[PDB]
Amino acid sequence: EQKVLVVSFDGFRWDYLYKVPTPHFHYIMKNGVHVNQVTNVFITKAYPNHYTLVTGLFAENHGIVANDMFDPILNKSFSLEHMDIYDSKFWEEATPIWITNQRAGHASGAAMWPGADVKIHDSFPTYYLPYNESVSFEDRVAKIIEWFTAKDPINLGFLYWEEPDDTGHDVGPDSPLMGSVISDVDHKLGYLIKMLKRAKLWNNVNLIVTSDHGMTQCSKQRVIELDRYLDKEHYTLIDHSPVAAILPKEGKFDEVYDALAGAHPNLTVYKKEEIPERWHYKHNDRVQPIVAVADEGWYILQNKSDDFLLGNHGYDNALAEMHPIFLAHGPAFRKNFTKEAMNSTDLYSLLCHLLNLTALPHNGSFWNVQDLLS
């Protein structure tokens, strides 16, 4: 019976491995697999990308299209910043893998993974923690290890940590201060490895270490200010930057579109049905009528006092800076092997294969990632 632990270090851009010594990441690489370029999903934010990892679906299919959404059929909002994510209907266009695992008779465990503390199709992971950012990494690891060794043990665990995303936002990925947080995340990975070894799990758990997206440098010299073009009374801004999800008030669609389209060289304004197919974003009623996408490193501010951060993400998923790390170690994985590319939609197919689960309909392909396996 194979076991899998998926770890997400939020916002761990693929090339952060090289910013400072990362001996514990390199230990997994030498004894495991590493994928250089993981194409994640648009928009390149936490909630769409973590749900893709556990469904194998693009965002237009699994329905978690952003961290901040408005569903016009439900007439309900979803907002990560307000901790307003627990309305089950926002999640139920798909089924995450822990439910499929449990329907097959296994137990799953989740330590702060996005959505794992949400009731979905009347179900939770067998074991989970109510989301609380203040819980230490070491306490999250302790629960995971406890669950893998419990009287009724899990075969599938999910572990989430908010760095290096948090600091990346604050200082920007180009800051020399990033080295400190990357070194700390490497140290935390080392702690996890040590605890897996102490619990006699290191050589019988397949450890997969990845992330939701990367990070790019922003600047107060690279700002698009919407109120230079648009009357704030004539639309609602559902999501702000770098993918502005715009709901014009009744009658104002042409006004808003004509004022904003072509108004700034680094803001590309799409009507919903003209959104690029390659983003697999548009076929969902939670995609707003106008979606305005800032170019890499540009910030959208509704007005002068809107939020600004020196690092951000959410940009085009073709951009290298938006791509996350991916590496893994375990009995099912090759050793000292490097692969050039994968799609993050493929992880679900890999998980279902490792766990001997029947995958639900998805957008990835096991055949794309079979060469990672021993």
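We number the residues from 1 along the sequence you see.
- Looking at 210-218 and 196-204 together, the entry lists the larger mean B-factor for 196-204, computed on C-alpha atoms.
- For the pair 323-331 and 37-45, the mean B factor over Cα atoms is greater in 323-331.
- Out of 85, 104, 269, 178, it is 104 whose C-alpha atom has the highest B-factor in the PDB entry.
- Highest C-alpha temperature factor among 122, 117, 296, 166, as the PDB entry reports it: 122.
- For residue 241, the recorded CA B-factor ranks within the lowest third of the chain. Only modelled residues enter the ranking.
- Annotation for residue 261: C-alpha temperature factor in the highest third relative to the rest of the modelled chain, per the entry.
- Residue 174: CA B factor in the lowest third of modelled residues in this chain (values from the PDB entry).
- Ranked by Cα temperature factor within the chain, residue 346 sits in the middle third according to the deposited record.
- The PDB entry assigns residue 160 a C-alpha temperature factor belonging to the lowest third of its chain's modelled residues.
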